[PDB]
Amino acid sequence: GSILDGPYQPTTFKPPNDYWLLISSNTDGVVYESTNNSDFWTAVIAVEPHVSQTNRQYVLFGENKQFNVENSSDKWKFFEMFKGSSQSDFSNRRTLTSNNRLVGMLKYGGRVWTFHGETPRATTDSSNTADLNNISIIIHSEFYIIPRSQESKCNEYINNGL
């Protein structure tokens, strides 16, 4: 009784406004890398359950980066790593803890919205940008597309599973 647009194969593109990208995650590492090359960089890093503090390397926007990471929980963690200018540092802005292993990204009202917190009570949160139009995302896994008018379904998928 339900129809979902997708899956789409891993790709690089500029997502339209008003659509959720529901991005699957199939492994530890970089889930996606999104930037407009002016005031918005977000890369999501997946860390598998039960990882004690450890150093790992990730390729973010063409550069090798080292992060000390930890996941004490029995759920996957998806760390949003953000920087707000080209020469700013990355910081962990927000995190989704979820064994549903799905993350969401919406361009809407001059902002980027994502889900954070711990499922099944994950909620949406925003980052402001002056250049939404040029945000381009590299997605390293299969994803689906859900119109914002169907956000309630994206919420259910993120929180309760696909």
Side-chain angles (χ1 to χ4, degrees), residues 3-47 56-69 76-98 100-117 119 122-159 162:
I3 308 291
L4 179 60
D5 181 4
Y8 289 84
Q9 295 305 300
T11 192
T12 300
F13 75 129
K14 294 166 49 185
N17 299 337
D18 290 15
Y19 290 84
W20 281 101
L21 304 189
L22 178 70
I23 296 165
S24 65
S25 177
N26 48 341
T27 194
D28 57 288
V30 179
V31 179
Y32 72 73
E33 298 157 75
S34 175
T35 186
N36 56 17
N37 295 92
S38 62
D39 66 6
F40 182 91
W41 285 253
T42 294
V44 169
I45 296 176
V47 180
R56 289 180 180 184
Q57 187 166 286
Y58 306 89
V59 182
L60 304 186
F61 307 98
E63 301 188 306
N64 297 329
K65 296 244 163 43
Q66 296 268 320
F67 297 113
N68 183 264
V69 307
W76 280 80
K77 283 182 180 284
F78 301 92
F79 299 95
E80 281 183 36
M81 305 303 297
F82 175 83
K83 73 178 199 174
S85 70
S86 172
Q87 223 162 25
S88 285
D89 289 3
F90 285 105
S91 64
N92 176 30
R93 172 68 174 84
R94 50 179 80 83
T95 302
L96 180 71
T97 302
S98 165
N100 303 314
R101 303 178 66 171
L102 295 160
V103 300
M105 197 284 301
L106 164 74
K107 293 165 58 166
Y108 182 73
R111 309 177 179 91
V112 169
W113 294 88
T114 57
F115 282 83
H116 70 257
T119 59
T123 58
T124 59
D125 190 33
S126 68
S127 299
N128 203 11
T129 174
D131 187 4
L132 198 62
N133 276 95
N134 281 317
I135 287 180
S136 168
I137 192 170
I138 309 165
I139 307 177
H140 297 302
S141 58
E142 292 183 329
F143 61 100
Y144 311 82
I145 296 182
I146 301 174
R148 179 180 168 262
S149 66
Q150 292 175 58
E151 182 163 317
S152 67
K153 298 199 318 182
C154 186
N155 190 304
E156 164 78 10
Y157 287 142
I158 295 275
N159 269 313
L162 185 65

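The first residue in the sequence is number 1, and the count goes up from there.
A pairwise comparison of heavy atoms in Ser85 and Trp41 identifies C-CZ3, 3.5 Å as the closest pair. In terms of heavy atoms, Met81 sits closest to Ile45 at CG-CD1, 3.8 Å. Nearest heavy atoms, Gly110 versus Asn128: O-OD1, 3.1 Å. Looking at every heavy atom in both residues, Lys153 comes nearest to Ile3 through NZ-O, 4.0 Å. Nearest heavy-atom pair, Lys107 versus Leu132, reported as atom, atom and distance to 0.1 Å: NZ-O, 3.0 Å. The two atoms that bring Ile138 and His140 nearest to each other are CG2-CE1, 3.5 Å, heavy atoms only.
Remark: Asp131 engages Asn134 in a side chain to side chain donor-acceptor pair (under 3.5 Å) (not counting sequence neighbours). Under the side chain to side chain donor-acceptor pair (under 3.5 Å) criterion, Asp28 pairs with no residue at all, not counting sequence neighbours. Listed by chain and residue number, nothing satisfies the ring-ring contact (aromatic ring centres under 6.0 Å, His included) test with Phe79 (two or more places apart in sequence, or in another chain). Every residue two or more places apart in sequence or in another chain that forms a side chain to side chain contact (heavy atoms under 4.5 Å, CB included) with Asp5 is listed here: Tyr8, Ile145. For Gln57, the side chain to side chain contact (heavy atoms under 4.5 Å, CB included) partners two or more places apart in sequence, or in a different chain, are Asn64, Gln66. Every residue meeting the ring-ring contact (aromatic ring centres under 6.0 Å, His included) condition with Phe82, not counting sequence neighbours, appears here in chain and number order: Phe40. In this structure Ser24 satisfies the side chain to side chain donor-acceptor pair (under 3.5 Å) test with no other residue, sequence neighbours excluded. A search for side chain to side chain donor-acceptor pair (under 3.5 Å) contacts involving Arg93 returns nothing, not counting sequence neighbours. With sequence neighbours excluded, the residues forming a side chain to side chain contact (heavy atoms under 4.5 Å, CB included) with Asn159 are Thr119, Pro120, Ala122, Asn155, listed by chain and number. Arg94 pairs by the side chain to side chain contact (heavy atoms under 4.5 Å, CB included) definition with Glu80, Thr114, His116, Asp125, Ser127, not counting sequence neighbours.
How far CG of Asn36 is from CD1 of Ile135: 5.0 Å, rounded to the nearest 0.5 Å. How far CG of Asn100 is from CZ of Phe78: 9.0 Å, rounded to the nearest 0.5 Å. Rounding to the nearest 0.5 Å gives a distance of 10.5 Å between CG of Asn68 and CZ of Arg56. Note that CD of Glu63 is 7.5 Å distant from CZ of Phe90, once rounded to the nearest 0.5 Å. Separating the OG atom in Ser34 from the CZ atom in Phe61 is a distance of 6.5 Å, to the nearest 0.5 Å.
More than 12 heavy atoms of other residues, nucleotides or ligands sit less than 6.0 Å from atom OH of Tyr58.
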Side chains of residues 10-21: which donor-acceptor partners sit under 3.5 Å, not counting sequence neighbours?
residue, atom, partner, partner atom, Å
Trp20, NE1, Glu151, OE1, 2.9

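Side-chain atoms of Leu106 and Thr124, non-hydrogen and from C-beta on, never get closer than 4.5 Å to each other. Side chains of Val103 and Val31 form a contact here, defined as non-hydrogen atoms less than 4.5 Å apart. Looking only at side-chain heavy atoms (C-beta outward), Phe67 and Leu60 come within less than 4.5 Å of each other. Between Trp113 and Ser126 the shortest side-chain heavy-atom distance falls below 4.5 Å. Annotation: side chain of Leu22 is in contact with side chain of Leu162 (closest heavy-atom distance under 4.5 Å).
Remark: the backbone N or O of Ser86 is paired with a side-chain donor or acceptor of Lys83 at under 3.5 angstrom.
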